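Down below is the structure, laid out as structure tokens.
Every number in this text was worked out from the coordinates using simple rules, so none of it is lab data. Positions of Cβ are generated from backbone atoms using ideal geometry, with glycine treated the same way; all protein chains shown enter the neighbour counts.
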Amino acid sequence: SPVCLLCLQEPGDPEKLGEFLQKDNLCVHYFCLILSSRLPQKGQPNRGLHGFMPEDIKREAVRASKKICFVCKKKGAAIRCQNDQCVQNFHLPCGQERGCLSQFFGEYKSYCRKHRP
Ligand SMILES: [Zn+2]
Ligand SMILES: [Zn+2]
Ligand SMILES: [Zn+2]
């Protein structure tokens, strides 16, 4: 049963996590890609996964493997609350159960519930 490399969950609800993408030997939710806090987009649009290069995605999985999700208490949390004085990290699906807010513009920031702008 395939899982997203960034949140470690199954395809789930595409309205909440985006389409489940499979390319370059990787599986990832589209929103996990665009909301991942420190993921560079260094490719042209027809490269990698919409310009997100497989190497960078994997490096982002590695960075996140050292971060604990405040919701489920497991490693692999790739999203960080973007309030400057907050250290909460979370998997996207987990954050969505606890009122975390994601923005789909600009730096594509997310916030924990206490820091919703
Ligand atoms: Zn995901
Ligand atoms: Zn989690
Ligand atoms: Zn916060």
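Starting from the Cα-Cα distance between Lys58 and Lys74, subtract it from 0.36 nm times their residue separation and give me the gain in nm to one decimal. If you can, show how the numbers build up before the last one.
Working: separation 16, 0.36 × 16 = 5.76 nm, distance 1.81 nm.
Answer, rounded to one decimal: 3.9 nm.
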Original post:
Non-local amide H neighbours of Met53 (under 5 Å, H modeled in plane, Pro and chain starts lacking H): which ones?
Top reply: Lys42, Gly43
**OP:** Work out from phi, with θ = phi - 60° and the Karplus expression 6.51 cos²θ - 1.76 cosθ + 1.60, the ³J(HN,Hα) of each residue of the stretch 67-75, listed in order in whole Hz, and give x for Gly and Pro.
**Re:** 10, 8, 6, 5, 7, 9, 6, 10, 6
**OP:** For the stretch 11-100, run through the trypsin sites (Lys or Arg not before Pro) and keep only the ones in DSSP coil with at most 14 other Cβ atoms within 10 Å of their Cβ.
**Re:** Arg38, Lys42, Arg47, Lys66, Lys73, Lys74, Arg98
Original post:
Karplus couplings for the stretch 58-64 from phi (6.51 cos²θ - 1.76 cosθ + 1.60, θ = phi - 60°), rounded to Hz, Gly and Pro as x?
Top reply: 5, 4, 5, 4, 6, 4, 5
**OP:** Counting other beta carbons within 10 Å of each Cβ, put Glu19, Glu10, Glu60, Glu107 in order, fewest first.
**Re:** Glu107, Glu19, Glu10, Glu60
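For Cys32, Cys86, which order do you get if you count the other beta carbons within 10 Å of each Cβ and list the fewest first? Let's see the in-between values first.
Details: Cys32 26, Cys86 13.
The most exposed by this proxy come first: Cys86, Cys32.
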Original post:
Between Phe104 and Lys23, what is the spin-label point distance in nm, taking each point 7 Å from the Cα along the Cα→C-beta axis?
Top reply: 1.8
**OP:** Would you please give the residues with an amide H less than 5 Å from that of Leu26, counting only those at least 5 places away or on a separate chain, with H modeled from the backbone geometry?
**Re:** none
Subject >> Vicinal HN-Hα couplings computed from phi for the stretch 37-54 (Karplus, 6.51 cos²θ - 1.76 cosθ + 1.60; Hz; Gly/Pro x) >> reply: 5, 10, 10, x, 10, 10, x, 5, x, 8, 10, x, 10, 6, x, 8, 7, x
Subject >> 5 angstrom amide H check on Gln9, placed H, neighbours 5+ away >> reply: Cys4
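Hey, what number do you get for the chain at 222 nm if only DSSP H runs of n ≥ 4 count, each worth -39500 (n - 2.57), divided across all residues, to the nearest 500?
Numbers: 4 runs with 27 residues, N = 117.
Value at 222 nm, helices only: -5500 deg cm²/dmol.
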